[PDB]
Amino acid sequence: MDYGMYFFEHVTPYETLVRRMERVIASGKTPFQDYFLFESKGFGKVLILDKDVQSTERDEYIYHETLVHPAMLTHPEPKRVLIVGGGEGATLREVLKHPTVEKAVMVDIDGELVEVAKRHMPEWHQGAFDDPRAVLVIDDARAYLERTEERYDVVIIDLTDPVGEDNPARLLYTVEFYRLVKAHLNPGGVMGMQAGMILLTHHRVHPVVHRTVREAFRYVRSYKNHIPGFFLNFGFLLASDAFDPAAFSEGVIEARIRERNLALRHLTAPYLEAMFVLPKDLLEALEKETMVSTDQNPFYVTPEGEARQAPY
């Protein structure tokens, strides 16, 4: 391809995405991770955290819609919402889009990266932060969830795979963490989350996530969607003790979409319910999975993609 500036995105240990930069808007170091924000011609601005794309501007709508709305849509009347992780302000954006929302609290360990999302990714946050109903909190979720005891109707979890042994994002993907999410939910409340890529042909982050969350939640329902941006099939899930969040009654998602006036660009009612219908190979793997990650023994993925587990 053309010669010039490029970014070597890791993807899998055998497949690297080399992606053209037209211009480096911003790049640096926080006390928690590396960022690069550059100008893709294809997807506009792109944001790497560490060695992995985080979002792209022209496609983020697909990911943010797919992460939020299936959880909000699947709750009858979402009033208080917690967003764990998710610093660009887009999860916020789509959460704020539901009018039954009075409060939306967003937590996220890394200030300067938010400060970066704000200075340089207006396209994302879109004003979000400065909405009255919002409350930025810069802490570690596990810390936040242990100290406060406010409760929520939906929690959205938008965190970063727990990759490699040393990583401390690991103590966020244990069952203890999810009972801890659970501990903070009203009755009728639902959890929503990104759970890692599916490429089940290498590997296993998605199904262990599903299995582990299963140990804290009665009803765990796993859905999927292609983020073009990532060139990758991403796994998400919905969880609840209170009811099966994917028994979708005829006409109802659509009902709510109207009442609520959702400006949507990717999702429609039937597409949304489609995300939930999985190929057989995804079913089988989701079923074969037995690893449950625990505080005692937190799971991580090898840099070969394999699921390991040991103390921290």
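One-based numbering along the sequence shown.
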ask   = With respect to the recorded C-alpha B factors, which stretch has the higher mean value, 82-90 or 141-149?
value = 141-149
task = Using only the Cα atoms and their B-factors as the entry lists them, report which of 257-265 and 62-70 averages higher.
result = 257-265
ask   = So among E304, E289, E15, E9, who wins on Cα B-factor in the entry?
value = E304
query = From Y271, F43, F38, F248, can you pick the one with the highest C-alpha B factor in the entry?
reply = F248
ask   = Based on the entry's values, in what third of the chain does the Cα temperature factor of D166 lie: lowest, middle or highest?
value = highest
note = For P122, the third of its chain by CA B-factor is the lowest
inquiry  = Taking only the Cα B-factors deposited for this chain, tell me whether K51 sits in the lowest, middle or highest third.
reply    = middle
Where the record places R204 (Cα B-factor, split into thirds across the chain) = highest
request  = Pull the Cα B-factor of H75 out of the PDB entry and bin it into the chain's lowest, middle or highest third.
outcome  = middle
